[PDB]
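# Residue-level structure breakdown
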Amino acid sequence: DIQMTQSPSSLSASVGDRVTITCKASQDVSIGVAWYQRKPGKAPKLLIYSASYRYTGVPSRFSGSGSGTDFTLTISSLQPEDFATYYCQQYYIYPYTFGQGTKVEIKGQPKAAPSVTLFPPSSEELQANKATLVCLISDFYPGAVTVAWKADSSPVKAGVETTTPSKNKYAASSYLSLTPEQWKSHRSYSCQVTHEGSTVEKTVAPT
Amino acid sequence: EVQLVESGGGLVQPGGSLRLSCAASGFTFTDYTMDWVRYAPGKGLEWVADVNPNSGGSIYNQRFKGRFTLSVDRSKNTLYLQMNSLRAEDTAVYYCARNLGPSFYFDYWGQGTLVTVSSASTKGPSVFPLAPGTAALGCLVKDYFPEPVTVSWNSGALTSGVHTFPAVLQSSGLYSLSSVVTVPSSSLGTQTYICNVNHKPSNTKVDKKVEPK
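Residues numbered from 1 in each chain as written, not as in the entry; some residues may be left out. Chains lettered and ligands numbered in written order. Heavy atoms only, no water. Residues with missing side-chain atoms left out of burial classes, pairs and counts.

Structure determination for this entry, per the PDB record, employed X-ray crystallography and reached 1.95 Å resolution.

Below, the structure written as structure tokens:
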């Protein structure tokens, strides 16, 4: 029943920064609060317990504070291996609820154009009476991008897509399925990728 | 020293049942309460249940009471989660975890296991070559279910310059992914490039040689 609200939901930051994450409990949970670091595809990792005690082996740049309903995790100087999602958790009372997480993302290059790579259908897929256009996207920043597809210069479809960090840059991709007659009969097809004030469009043609 | 090794994930249809195992080592198994905690993209973390192996008692989160059951096998130092009446919304990565003592925050965790609940059928992937200073070539791994697939190049010998993109769910309920390797243009005549696609959920591996256009 006890709600745990973190804020911000996400933030961008650079090596050396001071990061401060906030967790608010919907009621008094005393000193009974833990913080965890979670990397993608990895187990959460315990950092802080009792609101302010560093767990064994946890670097000193991590520290927590708070009591009652207002809690804080603070990273004194953000290190490279610290981009991750940080969760607060109350263990004061059942059911030991977690905060929704706060993504701490590499700032990167916020005004860079998206890098876009576009592959046409292979002769193999065309022979299987099918065909797929493959648009690959690599960005130096965390934000969502918009992808629009074009047949010649007419729009086909268009969606917003979130990117995810990679094993560094953020990645996404989009797919457009076509009949073989669709691919052969148009002069070209295009994937167009937009982030804020930058757009990159790549074009392919049956050749 | 302290290890929790899980097994048992997989695909199951709505209403089905599945049992997960947590094999423990490096501590007196019965001296600690243990837990399950699940994670789902965009749903964060949810504590599921705990068992005190000393009292034999377990406690469940409201959403799972009456349908999930904990149990333990001391002789094997192993914790189980039995899930019944699963719904699509139970799709998640399940972790076993341990309390330090009486307080319910978690010091050690399992590696995690994916449980997918869906009425959609397992389908192995269609693998298509993406024909290519340097050249980018790839494979398209198309129309598969459920996750995950893994892609390697040249049997895992080639790791530099490889980029596997996250799987994308189409509105057909099937996934597609691509993996691209960037190699010297001068390599293209003399060096063979083979993508190795492993889809454990359908017990299928597919290897595709990528040729110039």
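From this point, the narrative continues.
Scanning chain A for helices and strands turns up 2 helices and 18 strands. For 207 residues, the compact-globule estimate of 2.2 N^0.38 gives 17 Å, and the C-alpha radius of gyration of chain A, at 23 Å, exceeds that figure by more than 25%. Taken along its principal axes, the extent of the C-alpha atoms in chain A is 70 × 35 × 30 Å. (Helix = DSSP H or I, 4+ residues; strand = E, 2+ residues; numbered from the N terminus. Rg over C-alpha atoms; globule rule 2.2 N^0.38 Å.)

Next up on the list: the packing of aromatic side chains. This model, assessed by the stated rule, comprises 19 aromatic pairs over all chains. Pairing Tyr 36 of chain A with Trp 109 of chain B gives two aromatic rings, centres 5.8 Å apart and planes at 85°, and the pair type is edge-to-face. Of this pair, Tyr 36 of chain A sits in strand 4 (residues 33-38) while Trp 109 of chain B sits in strand 10 (residues 106-109), placing the two residues on different chains. Across this residue pair, the class does not change: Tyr 36 of chain A and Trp 109 of chain B are buried. By way of ring pairs, the aromatic residues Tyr 36 and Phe 98 of chain A together with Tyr 95, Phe 106 and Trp 109 of chain B are connected into one cluster. Across from the ring centre of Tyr 39 of chain B, 3.7 Å away, lies the NZ or CZ of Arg 38 of chain A, which sits over that ring. Its end group placed over the ring of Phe 27 of chain B, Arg 98 of chain B keeps NZ or CZ at 5.0 Å from the ring centre. (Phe/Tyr/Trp six-rings, centres within 6.5 Å; stacked < 30°, edge-to-face > 60°. Buried < 20%, exposed > 50% of the residue type's maximum accessible area, 1.4 Å probe, protein only. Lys NZ or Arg CZ within 6 Å of the ring centre and 35° of its normal.)

What follows covers the sheet that holds strand 17 (residues 189-195) of chain A. Residues and elements named next belong to chain A. With antiparallel pairing, the 4 strands of this open sheet are ordered in space as 14-13-17-18. The sheet terminates laterally at strand 14 (154-161) and strand 18 (198-204), the two strands that pair on one side only. The sheet shows a mean angle of 15° between the axes of neighbouring strands, taken without regard to direction. The pairing of strand 17 with strand 18 spans 7 bridges and is antiparallel. From the neighbouring strand, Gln 192 faces strand 18, where its bridge partner is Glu 201. (Pairing = 2+ DSSP bridges. Axes fitted to C-alpha atoms, helices over the stretch in contact; angles between N-to-C directions.)

Attention shifts here to the state of the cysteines. Residues and elements named next belong to chain B. One pass over the full model with this rule turns up 4 disulfides over all chains. Paired through a disulfide, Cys 22 and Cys 96 show a sulfur-sulfur distance of 2.1 Å. An S-S torsion of about 65° defines the bridge between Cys 22 and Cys 96 as right-handed. Here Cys 22 is found in strand 3 (residues 18-25), whereas its partner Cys 96 is found in strand 9 (residues 92-99), with 74 residues between them in sequence. Residues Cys 22 and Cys 96 agree in their burial class; the two are buried. The disulfide bridge from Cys 139 ends at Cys 195, spanning 2.0 Å between sulfur atoms. (Disulfide = S-S within 2.5 Å.)

All names here are of chain B. By size, the foremost hydrophobic cluster in this structure holds 28 residues, and its most contacted members are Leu 20, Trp 36, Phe 68, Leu 79, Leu 81, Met 83 and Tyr 94. Listed by contribution, the elements that provide at least two residues to this core are strand 3, strand 4 (34-40), strand 5 (44-52), strand 7 (68-73), strand 8 (78-83), strand 9 and strand 11 (113-117). When residues of this core are assigned to their parent elements, the largest contribution, 4 residues, is made by strand 3. (Core = buried A, V, L, I, M, F, W, Y, C linked by side-chain atoms within 4.5 Å.)

Turning to the environment of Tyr 108 of chain B, a few remarks are in order. Mapping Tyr 108 of chain B onto the fold places it in strand 10. The exposure class assigned to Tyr 108 of chain B is partly exposed, which follows from its relative accessible area of 31%. Each C-alpha atom, one on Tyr 108 of chain B and one on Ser 85 of chain B, is 29 Å from the other, the two residues being 23 residues apart in sequence. Setting aside residues up to four positions removed in sequence, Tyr 108 of chain B forms contacts with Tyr 55 of chain A together with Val 2, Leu 4, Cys 96, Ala 97 and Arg 98 of chain B. (Contact = heavy atoms within 4.5 Å.)

Our focus in this paragraph is the interface of chain A and chain B. Taken together, the contacts link 32 residues of chain A with 38 residues of chain B. Carbon and sulfur atoms supply 66% of the area that chain A and chain B bury against each other, a total of about 3000 Å² over both sides. Run the count over chain A and chain B and you get 1 salt bridge. The closest approach of N and O atoms between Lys 208 of chain B and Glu 124 of chain A, which form a salt bridge, is 3.3 Å. The tally of links from chain A across to chain B stands at 10 residue pairs in polar contact. For the side of chain A that touches chain B, the secondary-structure elements that each account for two or more residues are strand 4, strand 5 (45-49), strand 9 (84-90), helix 1 (123-127), strand 12 (132-139) and strand 16 (170-177) of chain A. (Buried area = accessible area lost by both parts, 1.4 Å probe. Salt bridge = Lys/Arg side-chain N within 4 Å of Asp/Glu carboxyl O. Polar contact = N/O pair within 3.5 Å; in protein donor to acceptor, adjacent residues only side chain to side chain.)

Moving on: the pairing of strand 7 of chain B. Bridge analysis of strand 7 of chain B against strand 8 of chain B gives 6 bridges, and the strand direction is antiparallel. By the bridge assignment for strand 8 of chain B, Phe 68 of chain B is matched with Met 83 of chain B.

Position of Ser 7 of chain B relative to the elements: it lies in strand 1 (residues 3-7). In this structure the C-alpha to C-alpha distance between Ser 7 of chain B and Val 127 of chain B, which are 120 residues apart in sequence, comes to 28 Å.

Let us now look at unusual backbone geometry. A cis amide bond links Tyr 94 of chain A with the next residue in sequence, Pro 95 of chain A, at an omega value of 10°. Relative to the helices and strands, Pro 95 of chain A is located in the loop between strand 9 and strand 10 (102-106). Notably, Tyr 96 of chain A is not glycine yet its phi reads approximately 55°, a positive angle. Assignment of secondary structure puts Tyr 96 of chain A in the loop between strand 9 and strand 10. Of note, the phi angle at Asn 203 of chain B is positive, near 45°, even though the residue is not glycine. With respect to the helices, strands and loops of the structure, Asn 203 of chain B is situated in the loop between strand 18 (194-199) and strand 19 (204-209).

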